[PDB]
Protein chains: 2
Amino acid sequence: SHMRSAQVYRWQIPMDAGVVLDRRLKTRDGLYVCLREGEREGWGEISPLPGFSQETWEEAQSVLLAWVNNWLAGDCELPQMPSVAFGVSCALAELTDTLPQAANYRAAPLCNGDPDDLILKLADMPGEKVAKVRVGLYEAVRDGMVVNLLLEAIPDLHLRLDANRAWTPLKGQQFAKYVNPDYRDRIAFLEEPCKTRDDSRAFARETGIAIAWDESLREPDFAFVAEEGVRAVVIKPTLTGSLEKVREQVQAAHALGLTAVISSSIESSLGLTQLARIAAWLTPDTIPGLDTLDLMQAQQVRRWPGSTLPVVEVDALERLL
Amino acid sequence: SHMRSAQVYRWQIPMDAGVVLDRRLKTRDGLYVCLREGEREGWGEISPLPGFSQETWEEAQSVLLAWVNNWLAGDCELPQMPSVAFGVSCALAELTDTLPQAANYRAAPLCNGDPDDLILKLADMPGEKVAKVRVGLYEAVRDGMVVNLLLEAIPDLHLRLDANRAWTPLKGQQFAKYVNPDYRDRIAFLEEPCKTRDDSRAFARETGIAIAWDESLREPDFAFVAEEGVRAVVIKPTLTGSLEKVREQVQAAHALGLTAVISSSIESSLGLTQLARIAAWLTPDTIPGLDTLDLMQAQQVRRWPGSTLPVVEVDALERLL
Ligand SMILES: O=C(O)CCC(=O)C1=CC=C[C@@H](O)[C@@H]1C(=O)O
Ligand SMILES: O=C(O)CCC(=O)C1=CC=C[C@@H](O)[C@@H]1C(=O)O
Ligand SMILES: [Mg+2]
Ligand SMILES: [Mg+2]
């Protein structure tokens, strides 16, 4: 039986109180697609992220439904709208059993709070110690002092930092000055230190601290480039597009000797598990940036193994078809 | 002096009689941009190709002029229309002296006609013997017999072939059957043998004859993929987009162990010389597919070294600004 059918689900997941993204997030709104052909089915998540995605939830819903209406009649071109392309391409890959299963469902811990308490937490980590910490909220001196404390405390810690383009050149300098140069190599990367990319490149070259691009990847005219100081790229599939485009970006990063990190756009557990599979497959030696499930009050449909959050089943979701 | 100025030229170059592309081409219509900032200038060619480019000459002219009007005020986003993106990005690269100069202005000879006469010509070739021959005009038996004759005649010849998606699986088989399996390795690649890409992939896997993608690269949803039988990709910048996108595609091809060939879209001598520079830079060990200048009755502005065609100078071209 080659018979095609499909369902599209619309949903809202309550966020934990206080989730910040410069702006608060109360609810995660999104969509699932389920595609079926004969005995097989595949799922994907279409959840554009407010303030990051160009498209809204409602625009994505429209494009998704139109795409599904075509697919039901036979193969068609992928959507270009990135959230929809991501979710549909994932569902297609599951249908054909070409998105691999994974042993490991990994995430770099996203950490905040009292520095000493974090030291205690990170020292008890098994395996390679990688954690992600936001910078650029406090002043630069405080950030540099705290990073230095963490790195001095745990000799095998490697920190990913993210300034979300907060800094001027001077603030980047004030930060770096407080990080012991003998530890700077264990900043695995600092995402988007400065307001402009040229200022970020100068920060990297001048301080020796490795940077990564994140927001930059979605800007018009971005190109993958090997350049002194850039050590990594952060690929957020929901903001990027198809699974194949994601794969092309990982490949581009690796060809240039750059680390490619698969990272969360605050997807539901369904999309997060798929990101975990993408990471285990395409970036097997890079822990992905997926530690956002614990910002949410529930899982849906597909479980992240080990999570104790309650699970909303398919039958409780709103159906559009 | 950081003062910006620009000129846009519109032109028509008469083609030699009988140039075929399933359809005749009388004239090559196109555009140049010249960008100047202080003491520096850069040039590029914007010449969409009828039947291949989505955009027309006139649509490209519009987009180019609008882009130039922005650039004159300061840096802006590149055009997305591929011919315009190519030409503008080339001009920008020249402005900053980031499109390298080249020693060699190379092209794989594009050959036709009596097989024996071609044998004589190719035997007198200095250096590595690579030539390109069209297939799929004659019947498949004739094509296979002639390819076999050429390869048997010249032991160090490597042929690039192009069927322009002419064949069914059966025609591909009729062709292959007449090529001695001991010589098939010296078909460097056969571009687009079959009407569908799946049929082309099966041709490659089943006959052992390497294929290349050309037209496929510009189709929606193309992805760069290592797969048995695909050995090369043909990148035509005018049909592709920016110099940076071209560079990304070469990089993608090389990461996958594929040959990347920079190829002509029947540009004027100006654009062809730039393609030659792109090839010497990005694909230093791959002779580019640039042997189309001798289809044209004149060069303009920039000379291909060694050509005896007359040169139309800048002062004879129509100016739009
Ligand atoms: O990359 C990760 O480790 C987790 C995801 C993450 O840090 C982010 C997800 C979405 C928006 C941003 O707040 C933030 C980032 O800039 O990387
Ligand atoms: O690639 C080359 O060697 C020369 C250019 C070439 O063969 C082509 C240019 C433009 C259209 C096509 O006729 C043809 C091709 O399909 O590669
Ligand atoms: Mg980031
Ligand atoms: Mg071709």
# chains A, B, ... in the order shown; residues from 1 in each chain; ligands from 1
$ calpha_fit_and_write --fixed "chain A" --moving "chain B" --output "tab-separated table (two decimals) with C-alpha atoms, in the first residue's frame"
chain	number	residue	atom	x	y	z
B	1	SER	CA	0.00	0.00	0.00
B	2	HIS	CA	1.70	3.25	-1.24
B	3	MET	CA	-1.52	5.31	0.19
B	4	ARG	CA	-0.56	8.71	1.60
B	5	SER	CA	-2.18	10.46	4.51
B	6	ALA	CA	-1.15	13.25	6.87
B	7	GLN	CA	-2.06	15.08	10.01
B	8	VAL	CA	-1.09	18.52	11.26
B	9	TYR	CA	-1.28	19.35	14.95
B	10	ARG	CA	-1.25	22.81	16.55
B	11	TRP	CA	-0.09	23.26	20.14
B	12	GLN	CA	1.00	25.49	22.99
B	13	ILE	CA	3.36	24.35	25.76
B	14	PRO	CA	3.52	26.45	28.94
B	15	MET	CA	7.00	27.64	29.77
B	16	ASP	CA	8.44	27.76	33.27
B	17	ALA	CA	8.15	31.19	34.89
B	18	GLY	CA	11.00	33.61	34.13
B	19	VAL	CA	12.30	32.17	30.85
B	20	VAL	CA	14.11	34.97	29.04
B	21	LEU	CA	15.18	34.94	25.38
B	22	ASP	CA	15.98	40.46	26.16
B	23	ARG	CA	12.28	39.49	26.25
B	24	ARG	CA	10.02	37.09	28.18
B	25	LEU	CA	8.49	33.89	26.77
B	26	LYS	CA	5.23	32.62	28.36
B	27	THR	CA	4.24	29.85	25.99
B	28	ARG	CA	5.93	27.89	23.21
B	29	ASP	CA	3.63	27.78	20.23
B	30	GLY	CA	4.21	25.32	17.41
B	31	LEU	CA	3.10	22.62	15.05
B	32	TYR	CA	3.71	18.98	14.19
B	33	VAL	CA	3.36	17.21	10.92
B	34	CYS	CA	2.81	13.48	10.65
B	35	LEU	CA	3.24	11.97	7.17
B	36	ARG	CA	2.17	8.37	6.42
B	37	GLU	CA	2.82	6.24	3.30
B	38	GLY	CA	1.81	2.59	3.54
B	39	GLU	CA	3.01	1.08	6.82
B	40	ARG	CA	5.44	3.93	7.50
B	41	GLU	CA	5.17	7.27	9.17
B	42	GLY	CA	7.35	10.25	9.86
B	43	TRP	CA	7.09	13.25	12.11
B	44	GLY	CA	8.52	16.72	12.29
B	45	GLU	CA	8.22	19.96	14.23
B	46	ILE	CA	7.46	23.38	12.75
B	47	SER	CA	7.93	25.93	15.50
B	48	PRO	CA	9.25	29.29	14.40
B	49	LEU	CA	10.76	31.17	17.34
B	50	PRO	CA	9.44	34.71	18.08
B	51	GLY	CA	12.14	37.31	17.65
B	52	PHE	CA	14.47	35.01	15.70
B	53	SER	CA	12.38	33.48	12.88
B	54	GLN	CA	11.15	35.87	10.20
B	55	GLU	CA	7.92	33.87	9.90
B	56	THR	CA	5.17	33.68	12.54
B	57	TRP	CA	3.43	30.57	13.86
B	58	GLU	CA	0.38	31.42	11.72
B	59	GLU	CA	2.37	31.99	8.51
B	60	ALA	CA	4.14	28.68	9.08
B	61	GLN	CA	0.84	26.91	9.61
B	62	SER	CA	-0.39	28.23	6.28
B	63	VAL	CA	2.70	27.18	4.39
B	64	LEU	CA	2.74	23.76	6.08
B	65	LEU	CA	-0.88	23.00	5.29
B	66	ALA	CA	-0.37	24.01	1.63
B	67	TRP	CA	2.71	21.84	1.41
B	68	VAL	CA	0.94	18.80	2.94
B	69	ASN	CA	-1.90	19.25	0.41
B	70	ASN	CA	0.66	18.92	-2.38
B	71	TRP	CA	2.59	16.01	-0.85
B	72	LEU	CA	-0.62	14.00	-0.51
B	73	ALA	CA	-0.78	13.91	-4.32
B	74	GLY	CA	2.89	13.07	-4.83
B	75	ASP	CA	6.42	14.35	-4.29
B	76	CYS	CA	6.92	18.08	-4.48
B	77	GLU	CA	9.47	20.78	-3.80
B	78	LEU	CA	10.32	21.49	-0.17
B	79	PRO	CA	9.08	24.65	1.50
B	80	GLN	CA	11.56	27.52	1.63
B	81	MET	CA	10.18	28.99	4.89
B	82	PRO	CA	12.84	27.65	7.28
B	83	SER	CA	10.77	26.24	10.18
B	84	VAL	CA	8.50	24.45	7.76
B	85	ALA	CA	11.40	23.14	5.67
B	86	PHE	CA	13.01	21.79	8.80
B	87	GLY	CA	9.94	19.99	10.09
B	88	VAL	CA	8.79	18.60	6.74
B	89	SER	CA	12.28	17.42	5.78
B	90	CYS	CA	12.60	15.64	9.13
B	91	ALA	CA	9.26	13.91	8.60
B	92	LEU	CA	10.36	12.81	5.10
B	93	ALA	CA	13.64	11.50	6.46
B	94	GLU	CA	11.80	9.45	9.11
B	95	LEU	CA	9.45	8.11	6.42
B	96	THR	CA	12.35	6.73	4.47
B	97	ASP	CA	14.29	5.66	7.62
B	98	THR	CA	17.17	8.01	6.66
B	99	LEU	CA	17.35	10.04	9.92
B	100	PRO	CA	19.47	7.70	12.03
B	101	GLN	CA	18.58	6.43	15.47
B	102	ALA	CA	20.92	7.46	18.24
B	103	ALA	CA	22.37	5.87	21.35
B	104	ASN	CA	23.04	9.18	23.00
B	105	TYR	CA	20.64	12.06	23.67
B	106	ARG	CA	23.23	14.66	24.76
B	107	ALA	CA	23.16	18.36	25.68
B	108	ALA	CA	25.73	20.80	26.97
B	109	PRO	CA	24.34	22.03	30.28
B	110	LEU	CA	23.11	25.61	30.11
B	111	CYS	CA	24.15	27.07	33.43
B	112	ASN	CA	23.58	30.18	35.50
B	113	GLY	CA	23.56	31.46	39.07
B	114	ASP	CA	26.02	31.54	41.93
B	115	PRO	CA	29.52	30.84	40.59
B	116	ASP	CA	30.59	28.65	43.52
B	117	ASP	CA	27.42	26.54	43.29
B	118	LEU	CA	28.13	26.04	39.59
B	119	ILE	CA	31.67	25.00	40.36
B	120	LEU	CA	30.33	22.26	42.65
B	121	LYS	CA	27.89	21.10	39.95
B	122	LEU	CA	30.44	21.00	37.16
B	123	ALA	CA	33.06	19.18	39.26
B	124	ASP	CA	30.60	16.28	39.70
B	125	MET	CA	30.10	15.97	35.89
B	126	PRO	CA	31.00	12.63	34.31
B	127	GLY	CA	32.67	12.51	30.89
B	128	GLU	CA	34.11	15.49	29.04
B	129	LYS	CA	33.14	18.68	30.92
B	130	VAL	CA	31.53	21.17	28.55
B	131	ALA	CA	28.98	23.76	29.79
B	132	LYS	CA	27.41	26.89	28.31
B	133	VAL	CA	27.14	30.19	30.17
B	134	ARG	CA	25.60	33.44	29.02
B	135	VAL	CA	27.71	36.62	29.24
B	136	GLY	CA	26.84	40.21	28.44
B	137	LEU	CA	24.07	40.66	31.06
B	138	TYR	CA	26.33	41.67	33.89
B	139	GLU	CA	29.18	44.07	33.23
B	140	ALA	CA	32.27	42.76	31.45
B	141	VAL	CA	34.57	42.72	34.53
B	142	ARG	CA	32.15	40.50	36.46
B	143	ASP	CA	31.81	38.18	33.47
B	144	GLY	CA	35.61	37.85	33.03
B	145	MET	CA	36.19	37.30	36.74
B	146	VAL	CA	33.52	34.58	36.92
B	147	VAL	CA	34.73	32.80	33.78
B	148	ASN	CA	38.24	32.89	35.24
B	149	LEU	CA	37.00	31.43	38.53
B	150	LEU	CA	35.26	28.56	36.77
B	151	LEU	CA	38.17	27.70	34.55
B	152	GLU	CA	40.69	27.89	37.42
B	153	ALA	CA	38.47	25.67	39.57
B	154	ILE	CA	38.01	22.84	37.06
B	155	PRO	CA	41.15	22.21	34.94
B	156	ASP	CA	39.33	20.02	32.44
B	157	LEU	CA	36.34	22.33	31.98
B	158	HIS	CA	35.66	23.78	28.58
B	159	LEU	CA	33.18	26.65	28.50
B	160	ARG	CA	30.98	27.84	25.70
B	161	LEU	CA	29.97	31.44	26.23
B	162	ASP	CA	27.38	33.56	24.45
B	163	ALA	CA	27.27	37.37	24.49
B	164	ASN	CA	24.46	37.63	21.87
B	165	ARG	CA	26.30	40.59	20.28
B	166	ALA	CA	26.28	42.60	23.52
B	167	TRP	CA	29.74	44.15	23.51
B	168	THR	CA	31.74	47.02	22.09
B	169	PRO	CA	35.44	46.37	21.48
B	170	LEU	CA	36.18	47.98	24.86
B	171	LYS	CA	33.73	45.72	26.74
B	172	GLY	CA	35.28	42.68	25.01
B	173	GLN	CA	38.68	43.84	26.23
B	174	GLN	CA	37.46	44.42	29.80
B	175	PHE	CA	36.09	40.89	29.75
B	176	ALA	CA	39.26	39.24	28.33
B	177	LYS	CA	41.60	41.08	30.69
B	178	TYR	CA	40.14	39.15	33.65
B	179	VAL	CA	40.56	35.74	32.00
B	180	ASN	CA	43.99	34.27	32.65
B	181	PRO	CA	45.65	33.81	29.26
B	182	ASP	CA	46.71	30.29	30.30
B	183	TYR	CA	43.00	29.32	30.54
B	184	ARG	CA	41.65	31.18	27.48
B	185	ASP	CA	42.11	28.04	25.33
B	186	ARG	CA	39.43	26.37	27.43
B	187	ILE	CA	36.85	28.85	26.28
B	188	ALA	CA	35.73	26.43	23.55
B	189	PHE	CA	34.09	29.36	21.88
B	190	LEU	CA	32.45	32.68	22.63
B	191	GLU	CA	29.35	33.16	20.45
B	192	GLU	CA	28.89	36.58	18.89
B	193	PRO	CA	30.89	38.70	21.34
B	194	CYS	CA	30.36	42.05	19.70
B	195	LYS	CA	27.68	44.21	18.09
B	196	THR	CA	29.36	43.84	14.68
B	197	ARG	CA	31.01	40.85	13.11
B	198	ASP	CA	34.17	42.86	12.28
B	199	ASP	CA	34.48	43.81	15.97
B	200	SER	CA	33.96	40.16	16.91
B	201	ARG	CA	36.70	39.05	14.48
B	202	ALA	CA	39.06	41.67	15.94
B	203	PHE	CA	38.16	40.48	19.49
B	204	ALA	CA	39.11	36.93	18.48
B	205	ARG	CA	42.36	37.92	16.80
B	206	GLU	CA	43.44	40.37	19.48
B	207	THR	CA	42.51	38.35	22.66
B	208	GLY	CA	43.20	34.83	21.46
B	209	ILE	CA	39.72	33.78	22.63
B	210	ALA	CA	37.92	31.63	20.07
B	211	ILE	CA	34.61	32.88	18.76
B	212	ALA	CA	31.61	31.27	17.13
B	213	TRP	CA	28.98	32.55	14.81
B	214	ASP	CA	25.31	31.94	15.62
B	215	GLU	CA	22.89	34.78	14.56
B	216	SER	CA	25.33	35.56	11.74
B	217	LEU	CA	24.55	32.28	9.93
B	218	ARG	CA	20.98	33.45	9.19
B	219	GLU	CA	21.95	36.89	7.92
B	220	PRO	CA	21.90	37.62	4.23
B	221	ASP	CA	25.19	37.02	2.57
B	222	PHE	CA	26.74	34.88	5.29
B	223	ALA	CA	29.47	32.66	3.93
B	224	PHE	CA	31.36	29.89	5.66
B	225	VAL	CA	35.07	31.15	6.11
B	226	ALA	CA	38.19	29.93	7.85
B	227	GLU	CA	39.71	32.93	9.64
B	228	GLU	CA	42.01	33.36	12.61
B	229	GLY	CA	39.99	33.30	15.76
B	230	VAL	CA	36.75	31.71	14.47
B	231	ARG	CA	36.57	28.20	15.75
B	232	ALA	CA	32.92	27.21	15.55
B	233	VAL	CA	29.50	27.75	14.08
B	234	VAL	CA	26.15	27.27	15.84
B	235	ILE	CA	23.51	25.76	13.53
B	236	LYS	CA	19.90	26.06	14.74
B	237	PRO	CA	17.90	23.97	12.31
B	238	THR	CA	14.48	25.50	12.97
B	239	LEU	CA	15.97	28.89	11.97
B	240	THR	CA	17.99	27.44	9.09
B	241	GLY	CA	15.83	25.19	6.90
B	242	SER	CA	15.86	21.67	5.62
B	243	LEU	CA	17.74	18.79	7.13
B	244	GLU	CA	19.77	18.70	3.89
B	245	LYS	CA	20.71	22.38	4.21
B	246	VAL	CA	21.74	21.70	7.84
B	247	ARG	CA	23.87	18.80	6.62
B	248	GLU	CA	25.44	21.07	3.99
B	249	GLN	CA	26.33	23.60	6.71
B	250	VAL	CA	27.92	20.96	8.96
B	251	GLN	CA	29.88	19.75	5.98
B	252	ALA	CA	30.98	23.32	5.17
B	253	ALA	CA	32.09	23.89	8.76
B	254	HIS	CA	34.02	20.63	8.89
B	255	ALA	CA	35.73	21.29	5.51
B	256	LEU	CA	37.06	24.49	7.05
B	257	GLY	CA	38.21	22.81	10.28
B	258	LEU	CA	35.43	24.50	12.29
B	259	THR	CA	33.32	22.86	14.98
B	260	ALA	CA	29.62	22.69	14.04
B	261	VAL	CA	27.27	22.69	17.02
B	262	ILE	CA	23.62	21.65	16.50
B	263	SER	CA	21.59	23.92	18.73
B	264	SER	CA	18.09	24.41	20.08
B	265	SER	CA	15.49	26.93	19.01
B	266	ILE	CA	13.40	25.98	22.07
B	267	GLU	CA	11.65	23.18	20.27
B	268	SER	CA	9.33	20.80	22.04
B	269	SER	CA	10.72	17.41	23.10
B	270	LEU	CA	9.84	16.01	19.65
B	271	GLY	CA	12.01	18.44	17.73
B	272	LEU	CA	14.71	18.31	20.44
B	273	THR	CA	15.04	14.50	20.11
B	274	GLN	CA	15.39	14.93	16.37
B	275	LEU	CA	18.12	17.53	16.91
B	276	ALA	CA	19.83	15.04	19.17
B	277	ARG	CA	19.73	12.46	16.38
B	278	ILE	CA	21.04	14.98	13.90
B	279	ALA	CA	23.91	15.79	16.23
B	280	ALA	CA	24.83	12.13	16.94
B	281	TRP	CA	24.80	11.51	13.16
B	282	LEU	CA	26.44	14.59	11.65
B	283	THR	CA	28.49	15.96	14.56
B	284	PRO	CA	29.35	12.79	16.50
B	285	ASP	CA	32.25	14.40	18.42
B	286	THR	CA	30.45	17.64	19.34
B	287	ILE	CA	27.99	17.79	22.24
B	288	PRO	CA	24.95	19.68	20.95
B	289	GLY	CA	23.38	22.75	22.48
B	290	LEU	CA	20.08	21.19	23.39
B	291	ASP	CA	19.61	21.93	27.11
B	292	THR	CA	16.25	23.82	26.82
B	293	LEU	CA	13.72	21.10	27.59
B	294	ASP	CA	13.83	21.96	31.30
B	295	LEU	CA	12.52	25.44	30.45
B	296	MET	CA	9.21	23.81	29.52
B	297	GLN	CA	6.41	22.34	31.64
B	298	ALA	CA	5.75	19.29	29.46
B	299	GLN	CA	6.99	17.00	26.74
B	300	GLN	CA	4.77	16.04	23.85
B	301	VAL	CA	4.45	12.93	21.71
B	302	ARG	CA	8.09	11.89	21.77
B	303	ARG	CA	10.12	11.58	25.00
B	304	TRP	CA	13.63	12.81	25.68
B	305	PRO	CA	15.05	9.77	27.44
B	306	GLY	CA	15.62	10.43	31.08
B	307	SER	CA	13.30	13.41	31.35
B	308	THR	CA	10.75	13.28	34.20
B	309	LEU	CA	8.51	15.93	32.63
B	310	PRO	CA	4.93	14.82	31.96
B	311	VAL	CA	4.04	13.82	28.42
B	312	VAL	CA	1.14	15.18	26.42
B	313	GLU	CA	0.00	12.43	24.04
B	314	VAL	CA	-1.06	12.88	20.39
B	315	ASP	CA	-4.76	12.42	21.23
B	316	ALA	CA	-4.71	15.63	23.39
B	317	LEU	CA	-3.40	17.87	20.62
B	318	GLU	CA	-5.49	20.02	18.30
B	319	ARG	CA	-5.79	18.54	14.76
B	320	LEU	CA	-6.05	20.76	11.67
B	321	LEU	CA	-6.78	18.01	9.05
$ select_by_dssp --residues "region 42-76 of chain B" --states "helix (DSSP H, G or I)" --output "list in words"
residues 57, 58, 59, 60, 61, 62, 63, 64, 65, 66, 67, 68, 69, 70 and 71 of chain B
$ write_last_selection --atoms "C-alpha atoms" --output "CSV table (one decimal), in the first residue's frame"
chain,number,residue,atom,x,y,z
B,57,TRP,CA,18.4,40.5,-19.6
B,58,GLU,CA,15.9,43.3,-18.9
B,59,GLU,CA,15.0,42.0,-15.4
B,60,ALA,CA,18.7,41.7,-14.6
B,61,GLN,CA,19.3,45.2,-15.8
B,62,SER,CA,16.6,46.5,-13.5
B,63,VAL,CA,17.9,44.7,-10.4
B,64,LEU,CA,21.5,45.7,-11.2
B,65,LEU,CA,20.7,49.4,-11.6
B,66,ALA,CA,18.7,49.3,-8.3
B,67,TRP,CA,21.6,47.6,-6.5
B,68,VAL,CA,24.2,50.1,-7.9
B,69,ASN,CA,21.9,53.0,-6.6
B,70,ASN,CA,22.2,51.5,-3.1
B,71,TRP,CA,25.9,50.7,-3.2
$ select_by_dssp --residues "region 16-53 of chain B" --states "strand (DSSP E)" --output "list in words"
residues 27, 28, 29, 30, 31, 32, 33, 34, 35, 36, 37, 40, 41, 42, 43, 44, 45 and 46 of chain B
$ decode --residues "region 212-229 of chain B" --atoms "N, CA and C atoms" --output "PDB file, in the first residue's frame"
ATOM      1  N   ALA B 212      28.390  13.424 -13.866  1.00  0.00           N
ATOM      2  CA  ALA B 212      28.446  14.724 -13.215  1.00  0.00           C
ATOM      3  C   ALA B 212      27.084  15.347 -13.234  1.00  0.00           C
ATOM      4  N   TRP B 213      26.835  16.193 -12.248  1.00  0.00           N
ATOM      5  CA  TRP B 213      25.640  17.002 -12.265  1.00  0.00           C
ATOM      6  C   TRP B 213      25.979  18.389 -12.794  1.00  0.00           C
ATOM      7  N   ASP B 214      25.063  18.978 -13.552  1.00  0.00           N
ATOM      8  CA  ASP B 214      25.206  20.309 -14.119  1.00  0.00           C
ATOM      9  C   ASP B 214      23.870  21.050 -13.864  1.00  0.00           C
ATOM     10  N   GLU B 215      22.904  20.918 -14.768  1.00  0.00           N
ATOM     11  CA  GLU B 215      21.536  21.457 -14.599  1.00  0.00           C
ATOM     12  C   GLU B 215      20.964  21.182 -13.204  1.00  0.00           C
ATOM     13  N   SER B 216      21.248  20.008 -12.670  1.00  0.00           N
ATOM     14  CA  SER B 216      20.725  19.605 -11.368  1.00  0.00           C
ATOM     15  C   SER B 216      21.050  20.585 -10.233  1.00  0.00           C
ATOM     16  N   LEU B 217      22.223  21.222 -10.317  1.00  0.00           N
ATOM     17  CA  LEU B 217      22.727  22.088  -9.243  1.00  0.00           C
ATOM     18  C   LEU B 217      21.805  23.288  -9.050  1.00  0.00           C
ATOM     19  N   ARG B 218      21.076  23.681 -10.103  1.00  0.00           N
ATOM     20  CA  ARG B 218      20.230  24.890 -10.038  1.00  0.00           C
ATOM     21  C   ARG B 218      18.785  24.563  -9.735  1.00  0.00           C
ATOM     22  N   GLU B 219      18.479  23.289  -9.621  1.00  0.00           N
ATOM     23  CA  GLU B 219      17.117  22.858  -9.308  1.00  0.00           C
ATOM     24  C   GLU B 219      16.858  23.068  -7.833  1.00  0.00           C
ATOM     25  N   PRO B 220      15.599  23.396  -7.496  1.00  0.00           N
ATOM     26  CA  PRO B 220      15.208  23.413  -6.112  1.00  0.00           C
ATOM     27  C   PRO B 220      15.492  22.054  -5.480  1.00  0.00           C
ATOM     28  N   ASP B 221      15.998  22.206  -4.282  1.00  0.00           N
ATOM     29  CA  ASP B 221      16.293  21.142  -3.352  1.00  0.00           C
ATOM     30  C   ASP B 221      17.543  20.347  -3.664  1.00  0.00           C
ATOM     31  N   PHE B 222      18.339  20.764  -4.652  1.00  0.00           N
ATOM     32  CA  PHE B 222      19.610  20.093  -4.837  1.00  0.00           C
ATOM     33  C   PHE B 222      20.434  20.132  -3.567  1.00  0.00           C
ATOM     34  N   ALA B 223      21.064  19.019  -3.262  1.00  0.00           N
ATOM     35  CA  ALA B 223      22.030  18.944  -2.182  1.00  0.00           C
ATOM     36  C   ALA B 223      23.307  18.260  -2.655  1.00  0.00           C
ATOM     37  N   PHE B 224      24.444  18.760  -2.196  1.00  0.00           N
ATOM     38  CA  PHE B 224      25.692  18.076  -2.505  1.00  0.00           C
ATOM     39  C   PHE B 224      25.790  16.691  -1.737  1.00  0.00           C
ATOM     40  N   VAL B 225      26.022  15.585  -2.460  1.00  0.00           N
ATOM     41  CA  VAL B 225      25.991  14.181  -1.941  1.00  0.00           C
ATOM     42  C   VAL B 225      27.047  13.322  -2.576  1.00  0.00           C
ATOM     43  N   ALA B 226      27.781  12.583  -1.727  1.00  0.00           N
ATOM     44  CA  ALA B 226      28.713  11.578  -2.207  1.00  0.00           C
ATOM     45  C   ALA B 226      27.876  10.333  -2.435  1.00  0.00           C
ATOM     46  N   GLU B 227      27.941   9.794  -3.647  1.00  0.00           N
ATOM     47  CA  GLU B 227      27.206   8.578  -3.993  1.00  0.00           C
ATOM     48  C   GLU B 227      27.917   7.849  -5.117  1.00  0.00           C
ATOM     49  N   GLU B 228      27.832   6.526  -5.109  1.00  0.00           N
ATOM     50  CA  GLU B 228      28.612   5.716  -6.028  1.00  0.00           C
ATOM     51  C   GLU B 228      28.258   6.236  -7.404  1.00  0.00           C
ATOM     52  N   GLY B 229      29.282   6.476  -8.198  1.00  0.00           N
ATOM     53  CA  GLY B 229      29.045   6.814  -9.573  1.00  0.00           C
ATOM     54  C   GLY B 229      29.084   8.297  -9.852  1.00  0.00           C
TER      55      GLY B 229
END
